[PDB]
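Structural overview for review
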2 protein chains.
Amino acid sequence: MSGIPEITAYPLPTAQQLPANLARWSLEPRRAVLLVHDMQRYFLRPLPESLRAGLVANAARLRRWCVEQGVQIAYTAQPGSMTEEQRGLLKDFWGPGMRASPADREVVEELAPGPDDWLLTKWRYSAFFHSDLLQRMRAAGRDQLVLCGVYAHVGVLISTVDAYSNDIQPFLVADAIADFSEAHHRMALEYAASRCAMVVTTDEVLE
Amino acid sequence: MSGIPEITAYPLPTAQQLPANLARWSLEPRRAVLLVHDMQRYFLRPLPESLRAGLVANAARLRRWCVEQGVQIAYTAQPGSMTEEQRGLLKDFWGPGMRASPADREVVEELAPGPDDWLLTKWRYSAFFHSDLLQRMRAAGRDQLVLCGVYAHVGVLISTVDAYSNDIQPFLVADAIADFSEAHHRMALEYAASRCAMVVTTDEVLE
Ligand SMILES: CCCCCCCCO[C@@H]1O[C@H](CO)[C@@H](O)[C@H](O)[C@H]1O
Ligand SMILES: CCCCCCCCO[C@@H]1O[C@H](CO)[C@@H](O)[C@H](O)[C@H]1O
């Protein structure tokens with residue numbers, strides 16, 4: 001039914017474990033949006049508590065810096081109880097998906113959105129898909145995307161590829177994302193570093 | 001400059017080597033388009049001849065069946081000599097890219113397009129990106145996509161994800177694609193089989 005496997009605890013990667021970046025982009029707060037990708041109760045429940053805790057603590061530190069620095073915050077979130085037509089081919093790998101109840105669809109309390117933050121409805125793997133994220137970024141004059149959330153190798157990475165494709169420089173925060181296993185996470189980082197993003201740790205972002 | 005590594009010969013995967021499909025879609029010619037992805041001279045030149053040969057022979061058998069069966073053929077192809085603005089962030093991983101000369105941009109002779117085949121201009125990793133592929137598929141009443149070409153883990157896979165996202169059932173032809181290494185190819189197949197496609201061999205398609 002969910003498409004989500006049993007997840008074993010693993011350590012988030014450190015600066016020294018990161019693949020080398022081949023790009024040379026530099027994050028400027030005035031240009032940037034922080035995408036908090038799918039940090040909903042339903043997607044964090046499969047994580048072992050040690051991994052959930054590390055994830056959320058980094059994502060929260062990232063979000064406070066962004067706020068201190070003038071970076072636009074944005075949240076993606078699936079609506080829940082998608083109808084059969086709305087769900088489409090997600091059904092075949094992921095089931096009917098989460099319910100539209102607070103217990104599933106709420107952003108976790110530690111990342112609670114504020115009134116200036118963009119709220120995007122999430123339909124498919126990419127945050128840009130059937131959303132107004134791109135149009136909003138253009139209209140705010142922001143052309144850099146900082147990414148955090150879950151799952152690294154699926155929506156996070158596809159959102160990264162879409163931003164890149166739109167000539168928006170992405171910054172993938174390697175210890176403020178989580179995944180199905182350490183090997184999935186690592187492969188997402190390798191792919192990002194050589195095909196669509198700068199990969200950085202939360203500390204590196206905060207400088 | 002090109003972003004494309006030195007490529008070592010490897011065998012195309014056989015039916016027995018394929019990851020298990022988790023989906024249960026079945027290809028119907030009347031519903032389908034064959035996407036011949038980026039089978040241009042410039043992208044095939046880095047392949048060792050043994051790998052190029054196997055690739056093109058399967059892609060050609062696939063294309064003849066498709067034609068015999070009523071499947072709509074479509075080709076993506078980069079225009080060549082992209083300007084700096086047109087190239088955008090491709091520059092940072094792939095250089096200025098191919099020239100607009102026949103020696104770079106032509107579809108290889110063994111896959112020569114015919115007058116009924118769709119010709120799409122390729123701008124970014126996905127075939128759907130800044131193209132009319134989706135609109136054309138909708139207008140032809142076709143909701144299945146068969147994919148062949150290069151490179152498996154980059155444009156081919158991202159094109160697959162985009163089709164899937166649009167509720168178009170994809171069919172990734174595992175021995176009619178090629179990649180940077182066997183491990184890249186295999187990982188693309190694993191990703192497709194569990195996240196966005198049916199993975200099949202050319203023989204399996206021809207039945
Ligand atoms: C499903 C897709 C899986 C691919 C994961 C790895 C993607 C990035 O692969 C990278 O390829 C570069 C050559 O281009 C190599 O030099 C790098 O060492 C490797 O990390
Ligand atoms: C850069 C992205 C790299 C990821 C490559 C593998 C993607 C598919 O990974 C799959 O995950 C399933 C759990 O969901 C496992 O059961 C499978 O054995 C594994 O092949």
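Residues numbered from 1 in each chain as written, not as in the entry; some residues may be left out. Chains lettered and ligands numbered in written order. Heavy atoms only, no water.

Structure determination for this PDB entry was carried out by X-ray crystallography, with a resolution of 1.50 Å recorded in the header.

What follows concerns the overall build of chain A. On a plain count of helices and strands, chain A comes out with nine helices and six strands. In terms of overall size, chain A behaves like a compact globule, its C-alpha atoms giving a radius of gyration of 16 Å where 207 residues would be expected to give roughly 17 Å. Taken over the C-alpha atoms alone, chain A extends approximately 40 × 40 × 30 Å along its principal axes. Out of the 207 residues belonging to chain A, those deemed buried represent 58%. For chain A, the proportion of contacts with a sequence separation of at least 24, taken over those separated by at least 6, is 82%. A total of about 8,500 Å² of accessible surface is found on chain A, and carbon and sulfur atoms cover 52% of it. Here chain A contributes 20 positive and 25 negative side-chain charges, whose respective centroids are spaced 2 Å apart. (Helix = DSSP H or I, 4+ residues; strand = E, 2+ residues; numbered from the N terminus. Rg over C-alpha atoms; globule rule 2.2 N^0.38 Å. Buried < 20%, exposed > 50% of the residue type's maximum accessible area, 1.4 Å probe, protein only. Contact = heavy atoms within 4.5 Å. Areas by Shrake-Rupley, 256 points an atom, 1.4 Å probe, with all protein chains shown as cover. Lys, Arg positive; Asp, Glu negative; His and termini not counted. Charge placed at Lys NZ, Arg CZ, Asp CG, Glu CD.)

Residue and element names in this part refer to chain A. One pass over the full model with this rule turns up 28 salt bridges over all chains. A salt bridge links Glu 49 to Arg 52; its shortest N-O distance comes to 3.4 Å. Linking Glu 49 with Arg 52, this pair stays in helix α2 (residues 49-69), spanning three residues, or about one helical turn. By relative accessible area, which is 51% here, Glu 49 ends up exposed. (Salt bridge = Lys/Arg side-chain N within 4 Å of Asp/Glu carboxyl O.)

Moving on, we get to unusual backbone geometry. Between A:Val150 and A:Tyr151 the backbone carries a cis peptide bond, its omega angle lying at -5°. You can see A:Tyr151 is positioned in the loop between β4 (144-150) and α7 (152-165). One non-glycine residue, A:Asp167, lies in the positive phi region at around 60°. Mapped onto the elements, A:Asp167 comes out in the loop between α7 and β5 (169-178). Phi at B:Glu207 is positive, roughly 100°, even though this residue is not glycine. Following the sequence through the fold, B:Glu207 ends up in the segment after α9 (202-206).

Residue and element names in this part refer to chain B. Of all the six residues making up strand β2 (residues 72-77), six are buried; the element is thus mostly covered by neighbouring parts of the structure. Of the two faces of β2, both are covered, the one formed by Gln 72, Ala 74 and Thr 76 as well as the one formed by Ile 73, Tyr 75 and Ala 77. As judged from the four bridges shared by β2 and strand β3 (residues 118-121), these two strands associate in the parallel manner. Paired with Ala 74 across the bridge in β3 is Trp 118. (Pairing = 2+ DSSP bridges.)

Either a parallel or an antiparallel arrangement is found when strands of a sheet pair, and the pairing is made through backbone hydrogen bonds. Residue and element names in this part refer to chain A. Within the open sheet, the six strands sit side by side as β3-β2-β1-β4-β5-β6. Their pairing is parallel. A strand with exactly one partner marks an edge of an open sheet, and here the two such strands are β3 (118-121) and β6 (198-200). With strand direction ignored, the average angle separating the axes of adjacent strands in the sheet is 25°. Taken together, the six bridges between β4 and β5 define a ladder with parallel strand orientation. Note that in β5 the partner of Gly 149 across the bridge is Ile 177. Lying over the sheet, α2 contacts β1 (32-37), β2 (72-77), β4 and β5, oriented at roughly 140° with respect to β5. Packing against the sheet, helix α8 (residues 182-195) makes contact with β5 and β6, and its axis sits at approximately 165° to β5. (Axes fitted to C-alpha atoms, helices over the stretch in contact; angles between N-to-C directions.)

Taken from the UniProt record, the annotation "binding site: substrate" applies to A:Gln78, A:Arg87, A:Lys122, A:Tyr151, A:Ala152, A:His153, A:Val154 and A:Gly155. The contacts of A:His153, once residues within four sequence positions are left out, are A:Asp179, A:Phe180, A:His184, A:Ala188, B:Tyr191 and B:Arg195. With respect to the element layout, A:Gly155 can be found in helix α7. Residues in contact with A:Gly155, not counting those within four places in the same chain, are A:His37 and A:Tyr125. (UniProt positions renumbered as here; feature names shortened; annotations may be inferred.)

So, about the sheet that holds strand β4 (residues 144-150) of chain B. Residue and element names in this part refer to chain B. If you walk across this open sheet you meet the six strands as β3-β2-β1-β4-β5-β6, and the pairing is parallel. Since the sheet does not close on itself, it has two edges, and those belong to β3 and β6 (198-200), each with one partner. When the angles between neighbouring strand axes are averaged without regard to direction, this sheet yields 25°. Sheet contacts for helix α2 (residues 49-69): β1 (32-37), β2, β4 and β5 (169-178); angle to β5, the most-contacted strand, approximately 140°.

Here we come to the packing of α7(A) against α8(A). Residues and elements named next belong to chain A. At a minimum axis separation of 10 Å, α7 and α8 run at an interaxial angle of 10°. Comparing their axes, α8 and α7 come out roughly parallel. The segment α7 lies against α8, with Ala 152, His 153, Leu 157, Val 161 and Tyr 164 engaging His 184, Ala 188, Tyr 191, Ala 192 and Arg 195. Grouping the constituent residues of the contact of α7 with α8 by class yields seven nonpolar, two polar and one charged. (Parallel < 35°, antiparallel > 145°, perpendicular 65-115°, else oblique. Nonpolar A, V, L, I, M, F, W, Y, C, P; charged D, E, K, R; others polar.)

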